[PDB]
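A short write-up of the structure that comes next.
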Amino acid sequence: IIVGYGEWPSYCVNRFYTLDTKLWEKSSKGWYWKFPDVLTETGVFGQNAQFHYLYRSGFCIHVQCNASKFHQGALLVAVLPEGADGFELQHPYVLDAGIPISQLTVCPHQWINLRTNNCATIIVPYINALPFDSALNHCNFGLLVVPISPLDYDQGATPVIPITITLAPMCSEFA
Amino acid sequence: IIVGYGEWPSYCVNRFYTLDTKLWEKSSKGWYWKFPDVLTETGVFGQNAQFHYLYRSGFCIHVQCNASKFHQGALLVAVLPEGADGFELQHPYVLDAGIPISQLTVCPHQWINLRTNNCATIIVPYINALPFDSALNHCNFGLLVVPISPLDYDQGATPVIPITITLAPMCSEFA
Amino acid sequence: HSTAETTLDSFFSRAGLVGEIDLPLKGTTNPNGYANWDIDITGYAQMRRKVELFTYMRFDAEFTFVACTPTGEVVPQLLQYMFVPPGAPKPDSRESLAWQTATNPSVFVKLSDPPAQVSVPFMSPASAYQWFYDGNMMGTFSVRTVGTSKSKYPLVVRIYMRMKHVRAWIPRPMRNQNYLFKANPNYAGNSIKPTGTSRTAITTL
Amino acid sequence: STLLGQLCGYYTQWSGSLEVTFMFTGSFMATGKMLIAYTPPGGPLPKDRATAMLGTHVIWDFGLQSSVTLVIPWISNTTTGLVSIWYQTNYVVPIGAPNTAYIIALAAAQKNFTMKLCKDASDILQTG
């Protein structure tokens, strides 16, 4: 378990939200999600996001995939400060921002190597230059899942590997 | 303060809900409201009434009117077991049910005489032959406000007297 | 016993004639030798206004079966008198298989006997019977003459009921207008009567 | 027109709480009720009396009380909140008393109000 920047969420919708399943192929580039934009439409959190004026919350993110022992590949999961089906990266080498992907391990990160493990867990505290902001006008961070070493298998196996994201809000305020 | 049947609400949306103002004239018959039907559309109580399967709640009802010292009349406020703008009585002598109005003081009741007071308060516990029922298919009781002695004034005064109902849910459950 | 007659035990305390079924020898009333009768307590004509003084009640019942010829004569006949609980099927003919289902209790009795007498408990799924629902099955007695052929005598069967272990809650005003239906508080709105009698002037006795 | 609004024209940034007092100046014989509501920054003006009641509000009775107060929470940053007055009941009056009254509003600030970054703003008030 990775606790981001050595700090736990703290005070200044307590359930699991399994989002949807992505499909990882031999020609995937990568995906990203923006928080809290991913969750302002579903459930009780989506009501309190757009009915209140101020917002403060931390998170806990689980990333999992399941495959056989005849598949190979590696993913890099990272969290970088500043819908619910994600967007796809066009230029994953420059992370669509002009910054290299080979230095993305300066962030809270975790590897998924299919040879070794199949789950990643990152805990994110609340980060802002203000104590309270708006959930609908400001996104705090983004989640990146990029295949560094590509997927491979022999012909006859399952060509598509599931990736499921599940998350839990932790120490939320609304005012 | 009248506590109905000598019993307080108890366990087996905690705010005031000022409904609307009725207008009492020289030719009024009376009005009635059905509970919890009066409140299944407004606020947080209206959401939890139609999203849950079982229901159990008590109430506290305030009835007020304001007039000058040149008006006269009397109202009988009563609670009889078994929208938000009420209905009007067609035959108030038989209470639209074939039962006399002169024996309605066997119920939890209170008088409003404009010569003496201007407010009535009745506390109602939860009454059912079952421990839990449905809020949308079964109405527990009805509230009756009938002018026994009619309104009167001299010409030039305000011809119409306001009557406001305000209520507060007390010891509610939802399952 | 110094006000022990105004209790609710004494106010609902006598056996009254509710239900009267007829098994004629010829005609179209009951052409075969059987009849069904659904248990209601308001077959006694003074009873509906008394129980509707309250909202909830809870009681037991005790039934008595006296039977005779239309003249009054006592003849040697054997009858069946079975009880169908609520939720069970009822007989369609005399050759139905419901007459010999062991979960429907019967009382075989001769006509030259004292009247048969049974007791029925509180059988509601709720905690009380309620006479007013803003939004009450007790069972059924089937009565047949025992045989494979038709009987030789015309018979009349009368049913009496006494309530016991009575509890009641939440008093209500009593009925003011004449009834029109059953389990329905409707009234004739085009003819509404006062509660009592009238006089000519307020200053005259 | 307030003194708070004139002194904060000499500064740039301010934040704190406010308070508004209403004073009914009708006759002794008149009764009625009002509804003073407050909407937080971001939400619009309510459409009717029923939706404004579902929120921060107060009922003010004329016959019992001649003054009510409303503590507005934190305003800041040099949108804004809204205060609206609705009629709960009608205006009840006997024979021989006037049909129309007036309300006077008074406003101030709380003890946690601050101002900073002074600015002698070019006033309209020019010398001679």
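Residue names in the structure tokens use chain letters A, B, ... in the order shown, residue numbers from 1 in each chain, and ligand numbers from 1 in the order shown.
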
(request) Find the residues around residue D:22 up to 7 Å (only C-alpha atoms counted), leave out those fewer than 5 positions away in its own chain, and share them as a ChimeraX atom specification. (result) /D:67-69,103-106

(request) Return as a ChimeraX atom specification the full set of residues in stretch 6-166 of chain B whose backbone-based DSSP assignment is alpha helix (DSSP H). (result) /B:43-50

(message) So that I can check the surroundings of residue B:153, please list as number ranges by chain every protein, DNA and RNA residue that reaches within 10 Å of it, counting only C-alpha atoms and ignoring chain neighbours fewer than 2 positions away.
(response) B: 26, 68-73, 151, 155-160; D: 94-95

(request) Check the DSSP output for the backbone and give back, as JSON, numbers by chain, the residues of stretch 25-138 of chain B in strand (DSSP E or B). (result) {"B": [31, 32, 33, 34, 35, 55, 56, 57, 58, 59, 60, 61, 62, 63, 64, 65, 72, 73, 74, 75, 76, 77, 78, 79, 80, 81, 87, 88, 109, 110, 111, 112, 113, 119, 120, 121, 122, 123, 124, 133]}

Who sits within 6 Å of residue B:55, only C-alpha atoms, same chain under 4 positions skipped, as a JSON list (two decimals) with N, CA and C atoms, in the first residue's frame:
```
[["chain", "number", "residue", "atom", "x", "y", "z"],
["B", 132, "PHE", "N", -44.75, -1.46, 11.15],
["B", 132, "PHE", "CA", -44.25, -0.69, 10.01],
["B", 132, "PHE", "C", -45.23, -0.84, 8.86],
["B", 133, "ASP", "N", -45.48, 0.26, 8.15],
["B", 133, "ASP", "CA", -46.33, 0.22, 6.97],
["B", 133, "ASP", "C", -45.67, 1.03, 5.86],
["B", 134, "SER", "N", -46.42, 1.27, 4.79],
["B", 134, "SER", "CA", -45.95, 2.05, 3.65],
["B", 134, "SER", "C", -46.51, 3.46, 3.74],
["B", 173, "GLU", "N", -38.42, 6.66, 11.49],
["B", 173, "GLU", "CA", -37.60, 5.56, 10.99],
["B", 173, "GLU", "C", -37.90, 5.34, 9.52],
["B", 174, "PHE", "N", -36.94, 4.75, 8.80],
["B", 174, "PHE", "CA", -37.10, 4.36, 7.41],
["B", 174, "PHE", "C", -36.31, 3.09, 7.18]]
```
